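Quick note, the numbering used here runs 423 ahead of the 1-based positions in the sequence shown. The beta carbon of each residue, even a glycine, is placed where N, CA and C say it ideally should be. Notes to accompany the following structure.
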Amino acid sequence: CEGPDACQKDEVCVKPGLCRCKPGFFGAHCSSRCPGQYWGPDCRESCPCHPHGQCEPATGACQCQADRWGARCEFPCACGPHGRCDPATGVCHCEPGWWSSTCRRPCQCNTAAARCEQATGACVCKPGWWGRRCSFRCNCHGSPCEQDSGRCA
């Protein structure tokens, strides 16, 4: 891909005797960034998820805006501040201490809870604690135990 078919900087060898602008770029001096609807060398391939998103210039990986999700980043997210949106499904992932599908309700647990269950606010205990709100320590020489009974593991 060299010699008279050589490939000066800011381009890439697409085919062994050819060159095109490096991915994400185009123009007389391979200097302009592709518009969001394109990606790849010389804007030769389509970005499905524009607008409200762009594709990675080289690989084509969809990249939604933060509040967006879907196969085209077409849908907006419902997540509250304490919920990180999932660009594939719209699911809100709650930071520990939050629940509801929007991650807008705070857990009603003691400090030994690792988090709580998104649908119900049910406390999930750090290993070594039990109780409705993970109030109790296990009587199990450090092993974890069953949440309702304290029966060892």
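Measure how close the beta-carbons of residue i and residue j come, nearest whole angstrom, since I'm counting them as under 8 Å.
i	j	result
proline 499	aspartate 490	6 Å
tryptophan 522	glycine 544	5 Å
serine 524	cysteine 530	Going by Cβ atoms, the distance from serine 524 to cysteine 530 rounds to 15 Å, so no, they are not a contact pair.
If you drop the 5 nearest sequence neighbours on each side, which residues of the same chain put their C-beta closer than 7 Å to that of residue i?
i	result
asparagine 562	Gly573
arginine 560	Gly551, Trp552
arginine 456	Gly447, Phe448
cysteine 568	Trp553, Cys561, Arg574, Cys575, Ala576
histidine 564	none
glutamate 540	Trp522, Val547
Here's the rule I'm using: 16 or more other beta-carbon atoms within 10 Å means buried, otherwise exposed. How should residue i be labelled?
i	result
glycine 493	buried
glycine 476	buried
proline 427	exposed
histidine 505	buried
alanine 536	buried
Skipping 5 residues on each side, what residues in its chain have a beta carbon closer than 6 Å to that of residue i?
i	result
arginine 538	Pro519, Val547
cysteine 466	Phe449, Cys457
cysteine 424	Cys430, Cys436, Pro439
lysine 549	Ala535, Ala537
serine 558	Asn533
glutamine 570	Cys548, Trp553
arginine 556	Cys532, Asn533, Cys546
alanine 481	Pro446
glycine 463	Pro446
Run through the DSSP bridge pairs and tell me what residue i is partnered with.
i	result
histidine 516	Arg507
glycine 426	Its beta-bridge partners do not exist; DSSP assigns none.
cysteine 444	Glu434
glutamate 468	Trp462
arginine 527	Partner(s): none; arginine 527 has no beta bridge.
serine 455	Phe449
In the DSSP assignment, find the unbroken beta strand (DSSP E) run with residue i in it and report its ends.
i	result
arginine 538	536-539
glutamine 477	476-478
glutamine 486	485-487
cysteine 548	546-548
Whose C-beta lies closer than 8 Å to the C-beta of residue i among residues of the same chain, with five residues either side of it excluded?
i	result
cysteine 487	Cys472, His475, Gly476, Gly493, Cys496, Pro510
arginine 528	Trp521, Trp522, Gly544
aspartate 433	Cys444, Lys445, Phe448, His452, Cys453, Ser454
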